[PDB]
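Written out below as structure tokens is the structure these notes cover.
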Amino acid sequence: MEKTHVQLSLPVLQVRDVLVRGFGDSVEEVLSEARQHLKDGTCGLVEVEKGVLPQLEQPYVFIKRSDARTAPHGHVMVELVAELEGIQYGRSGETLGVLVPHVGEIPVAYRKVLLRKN
Ligand SMILES: Nc1nc2ccc(F)cc2s1
Numbered sequence: 009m010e011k012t013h014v015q016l017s018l019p020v021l022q023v024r025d026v027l028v029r030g031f032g033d034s035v036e037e038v039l040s041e042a043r044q045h046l047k048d049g050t051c052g053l054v055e056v057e058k059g060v061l062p063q064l065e066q067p068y069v070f071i072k073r074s075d076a077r078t079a080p081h082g083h084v085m086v087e088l089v090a091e092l093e094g095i096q097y098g099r100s101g102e103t104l105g106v107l108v109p110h111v112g113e114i115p116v117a118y119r120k121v122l123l124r125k126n
């Protein structure tokens, strides 16, 4: 009875503050853990710039834009895509950032998203 999408406000973290630098050790695990942390309100977002990904741990979980016409209630529609060793699991639009566990780091902003569940 999970609605297909959920409105979330994600804390945006600076990469050097992140204490837990990924969600796990395989593509399936990181997608599973990302979904669980999103559900629990314990997921942050790191915006990708030069130097960011080498400071985080693979596999990566990205949120990517899933369409261009609808940003309901100010929230960009996104979906999850994982990456390991240059191979991506899913295809989607432009990256908004990389998801990481949030364990109390102080954010620099919040990013409003409408996230596709499954
Ligand atoms: N299967 C599920 N994925 C998500 C992703 C995000 C969320 F908030 C809840 C759920 S339940």
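Residue numbering for the sequence shown is 9 to 126, as defined by PDB author numbering. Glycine included, each C-beta is placed from N, C-alpha and C at the ideal position.
Is it the case that the Cβ atoms of residue i and residue j are separated by a distance below 7 Å?
i      : j      : result
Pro109 : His45  : yes
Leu18  : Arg124 : no
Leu107 : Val60  : no
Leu16  : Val121 : yes
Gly49  : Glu41  : no
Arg99  : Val86  : no
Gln66  : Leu88  : no
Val23  : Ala90  : no
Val28  : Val111 : yes
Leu104 : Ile71  : yes
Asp25  : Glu102 : no
Helix, strand or coil: which one does DSSP assign to residue i?
i      : result
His45  : helix
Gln66  : coil
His110 : coil
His81  : helix
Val60  : coil
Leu39  : helix
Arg73  : strand
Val28  : coil
Need the endpoints of the beta strand (DSSP E) that residue i sits in, please.
i      : result
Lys120 : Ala117 to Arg124
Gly52  : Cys51 to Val54
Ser17  : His13 to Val20
- prompt: Hey, which residues come within less than 6 Å of ligand 1, measuring from Cβ to any heavy atom, in chain order?
  reply: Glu10, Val14, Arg43, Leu46, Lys47, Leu123, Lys125 and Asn126
task: Give a yes or no on contact between the segment 54-61 and the segment 71-86, applying the rule of three or more CB pairs nearer than 8 Å.
output: no
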